[PDB]
Amino acid sequence: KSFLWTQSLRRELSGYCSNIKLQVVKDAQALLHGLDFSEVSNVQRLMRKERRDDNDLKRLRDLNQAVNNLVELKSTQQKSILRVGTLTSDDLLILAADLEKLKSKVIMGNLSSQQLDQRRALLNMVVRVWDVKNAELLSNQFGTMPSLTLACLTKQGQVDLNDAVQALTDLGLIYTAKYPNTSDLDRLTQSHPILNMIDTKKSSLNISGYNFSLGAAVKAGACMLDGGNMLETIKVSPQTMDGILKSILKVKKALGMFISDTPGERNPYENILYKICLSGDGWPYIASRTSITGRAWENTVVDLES
RNA sequence: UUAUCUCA
């Protein structure tokens, strides 16, 4: 069902998808030339600690800003108000409800640097927490960005930007047919040594786009084919915003898509919905969103008047 | 609490 939703969305939204290989590669080059890959290493590590504090968060956000400055594919703060227009009044009700659903789903001791030894000893025979003053500051700092994935694969893997691009393109083609997985990645590593860098055993949840993952690599590979009607390459603007939501609603109806309740499962529908509604101006899947403040349900509001 | 891990 998941991949079916994904594919129905792709076909429906194909008109809003664009060719962005060029930009993504241009942006990767910018990062390769301008970014401090020494600090990239540090932030990678800092993000992997189980106890993470404000000093680590500040480190992450600073790096994010550095990256925001080198890249052209950004999302900008753009509040959206949805009104009865190309959107029906029933549609506003669905959206207003589903945004609420998203909101609602969102609603271990004192040591130390000895957690490192706890780990080793435990292994001898990994939930990660934040200790932060204001947790708003985590919002939008943890996303994945193709141009960044490319850059890090390239410097850290010590290969040509091109070798990375070709490898990820293969992931991208597979992705048009199925959700690539660990075995597929392993079979692809023969022809593409660079993919050894994506270690799926060592990858994890909420550790930022500076660390590698199969999911992030697939997101990147999607931007490598100038076609495929990949959702990743969708651009949103204030004009095109309603048309996109309406097209999504049409698929939602047709396939009976919905927002899950189980906190762990995040599906094609809630993914595209949260991503679109975060800002009415950017590339919802693949841009630099570190500048954005707030969540989708705050940045997009429904207006039942009429 | 992080728009992210892994999975059909």
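Per the deposited record, the coordinates in this entry were obtained by X-ray crystallography to a resolution of 3.000 Å.

1. Some thoughts on the overall build of chain A
The helix and strand inventory of chain A stands at 13 helices and four strands. Relative to the 2.2 N^0.38 estimate, which gives 19 Å for 306 residues, the radius of gyration of chain A is 20 Å and therefore close to what a compact globule would have. With the C-alpha coordinates aligned to their principal axes, the bounding extent of chain A is approximately 60 × 45 × 40 Å.

2. Thoughts on helix α10 (residues 214–222)
In terms of burial, α10 is a largely internal element, eight of the nine residues being buried. Within α10 the residues assigned to the buried category are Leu214, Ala216, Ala217, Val218, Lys219, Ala220, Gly221 and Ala222. As for α10, its buried residues are in contact with α7 (146–157), α8 (161–174), α9 (182–188) and α12 (268–277).

3. What to know about the protein's contact with RNA strand B
Near RNA strand B there are 33 residues, and of these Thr182, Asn206, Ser213, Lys275 and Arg295 occur at the shortest range. Take the atoms of RNA strand B that sit within 4 Å of the protein: sugar and phosphate atoms are 56% of them. Between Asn140 and RNA strand B, the recorded distance is 2.8 Å, taken from a backbone N or O atom to a phosphate oxygen. A distance of 3.3 Å separates a phosphate oxygen of RNA strand B from a polar backbone atom of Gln141. Of all the secondary-structure elements, those providing two or more residues to the surface near RNA strand B are α10 and α12. Top element by residues in the surface near RNA strand B is α10. It accounts for four residues. Tallied by class, residues from the surface near RNA strand B come to 11 nonpolar, 15 polar and seven charged.

4. A few points about the packing of helix α11 (residues 241–255) against α12
Two elements in contact, α11 and α12, have axes separated by 11 Å at closest approach and are oriented at 170 degrees. The orientation of α11 with respect to α12, classified from their angle, is roughly antiparallel. Judged by the sense of rotation from one axis to the other, the crossing of α11 with α12 is left-handed. Residue-level inspection shows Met241, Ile244, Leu245, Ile248, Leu249 and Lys252 of α11 in contact with α12, the latter providing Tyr269, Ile272, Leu273, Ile276 and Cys277. Class assignment of the residues belonging to the contact of α11 with α12 gives a composition of 10 nonpolar, no polar and one charged.

5. Brief notes about the nonpolar core
Of all hydrophobic cores here, the largest spans 83 residues; its most connected members are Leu150, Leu245 and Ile272. Ignoring sequence-local partners within four residues, the contact set of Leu245 consists of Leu82, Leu87, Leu95, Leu273, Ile276 and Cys277.

6. Notes on unusual backbone geometry
In terms of backbone geometry, most residues other than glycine have negative phi values and most peptide bonds are trans. The step from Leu111 to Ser112 runs through a cis peptide bond, and the omega angle for that step is 5 degrees. Among the secondary structure elements, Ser112 is positioned in the loop between α5 (89–106) and α6 (115–124). For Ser112, which is not a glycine, the phi torsion comes out positive at approximately 150 degrees. The exposure class of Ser112 is partly exposed, given its relative accessible area of 39%. A positive phi angle is found at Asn140, which is not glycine, with a value near 75 degrees. Residue position: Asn140 is located in the loop between β3 (129–131) and α7.

7. Considerations on the packing of α8 against α10
Axis angle and axis distance: for two packed helices, these are the angle between their axes and the distance between the axes, and together they describe the pair. Following both chains from N to C, one finds α8 and α10 inclined at 90 degrees, their axes separated by 7 Å at the closest point. Looking at the two axes, α8 sits roughly perpendicular to α10. Contacts between α8 and α10 involve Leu168, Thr169, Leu171 and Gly172 from the former and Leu214, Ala217, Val218, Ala220, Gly221 and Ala222 from the latter. Grouping the constituent residues of the contact of α8 with α10 by class yields seven nonpolar, three polar and no charged.

8. A word on the environment of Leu102
Note that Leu102 resides in helix α5. For the pair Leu102 and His33, spaced 69 residues apart in sequence, the C-alpha to C-alpha distance is 39 Å. The contact partners of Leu102, leaving out residues within four places of it in the chain, are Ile259, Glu270, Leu273, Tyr274 and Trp297.

What counts as what
- Residues numbered from 1 in each chain as written, not as in the entry; some residues may be left out.
- Chains lettered and ligands numbered in written order.
- Heavy atoms only, no water.
- Residues with missing side-chain atoms left out of burial classes, pairs and counts.
- Helix = DSSP H or I, 4+ residues; strand = E, 2+ residues; numbered from the N terminus.
- Rg over C-alpha atoms; globule rule 2.2 N^0.38 Å.
- Buried < 20%, exposed > 50% of the residue type's maximum accessible area, 1.4 Å probe, protein only.
- Contact = heavy atoms within 4.5 Å.
- Near = heavy atom within 4 Å.
- Polar contact = N/O pair within 3.5 Å; in protein donor to acceptor, adjacent residues only side chain to side chain.
- Nonpolar A, V, L, I, M, F, W, Y, C, P; charged D, E, K, R; others polar.
- Axes fitted to C-alpha atoms, helices over the stretch in contact; angles between N-to-C directions.
- Parallel < 35°, antiparallel > 145°, perpendicular 65-115°, else oblique.
- Left-handed = near helix turned anticlockwise from the far one by under 90°.
- Core = buried A, V, L, I, M, F, W, Y, C linked by side-chain atoms within 4.5 Å.

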